[PDB]
Structures are given as structure tokens and as C-alpha cells.
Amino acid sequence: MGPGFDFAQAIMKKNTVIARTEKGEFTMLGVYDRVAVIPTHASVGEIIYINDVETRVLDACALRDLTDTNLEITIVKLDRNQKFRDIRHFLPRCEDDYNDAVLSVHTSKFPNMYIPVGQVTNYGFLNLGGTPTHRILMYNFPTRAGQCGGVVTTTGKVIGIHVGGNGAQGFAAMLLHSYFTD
């Protein structure tokens, strides 16, 4: 409907796949080469389904900060025959607050879904499902089951992936450029 939704759509149309684990279907963001991200609670194993095709997992790393606190991001390298468009130049370098963000989801349950969530707070610490978690972004939208892995964007930036909600607020794990240096 406007330039926020434009940037979000450009990311969804080229840089997402539908990932299925034993714990559900998730929006999955492809970042560069065969490297993607997914919430750690997806419990990625040795094999994952990517757009309903059986795919070997070459590597999976559940990220934690240097205090050994959960960040809820798993970086996955996929045994796929095709690379993602490199979007690392759209990743923020530092922790920050944002205005006017969009949360975008694409699954069998919620295809082509876009939500204007408004202001995004650098919330920091969250007890997420009982697990102490750092680098959380918060938005005041009543997000639901099915939105985990959803991509959070502003114009020109891919800032996080949706990881939870409390019925009134939604929470995303930050994406930082430093996670994907090689």
C-alpha cells in the first residue's frame, strides 16, 4: 500500500522459503549463498523441508551472546541447488529502536501476509517461554501462532525475525550484520 510494504514485498518475493520441522511450518529468511535463519524453538535437525522438498542441513548454529544468553536465532546452511540474493547490506550494524516497521509472513496457513506493526522498541531482556533471551525488539501488535519466523523490516532495513508474543505485544530477535560475516 506504501513504501514500507514495497520493501517488505521485495524481501518476501526473493529471500523467503517455507521451512517445516517436527515443531511446525515457519517463514524462513534466506540471507546469502545457502545460509538462512529460523527461530531456535523450530529445533532444526539433520533434515528440514524447504518448500515441501527434503533438504539436508549442512550446518545449524543456535546463537547466544558472549554472556551465554539465548538470542533465539538459528543460522542454517542448506544443501540447496540455488543461492539466495545477498541481502546482508540491508542488516543493521547495531542494536536500535525503529519507526514504522512491517511484519511479513508466508506459510501454507498465512500466504502473502503483511502487518504494519508501528514503532519497534529495543526491549532487550525477555523471559521467552521460560528461557532468558537478549536483543529482543517489541511492537504493540497482537501477533498469533503461525507468525514465528516472520520478517520484520523498515524501508531499506531487515531488522529481525518474529519469535513470540504475549497476546498484546509481539517480540522479534534482532538480526545484526556481524552474525553473517565470512
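Note that residue numbering begins at 1 and tracks the sequence as displayed.
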{"query": "Stretch with the higher entry mean CA B-factor, where the candidates are 65 to 73 and 28 to 36", "finding": "65 to 73"}
{"query": "106 to 114 set against 77 to 85, stretch whose average Cα temperature factor tops the other in the entry", "finding": "106 to 114"}
{"query": "Highest recorded Cα temperature factor - choice among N166, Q9, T21, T16", "finding": "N166"}
{"query": "Assigned third (lowest, middle, highest) for the C-alpha B factor of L128", "finding": "highest"}
{"query": "Chain thirds of CA B-factor: placement of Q119", "finding": "highest"}
{"query": "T153 - which third its CA temperature factor falls in, relative to the rest of the chain", "finding": "lowest"}
{"query": "Position of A101 among the chain's modelled residues by C-alpha B-factor, lowest, middle or highest third", "finding": "middle"}
{"query": "Third assignment of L137 from its chain's C-alpha B-factors", "finding": "middle"}
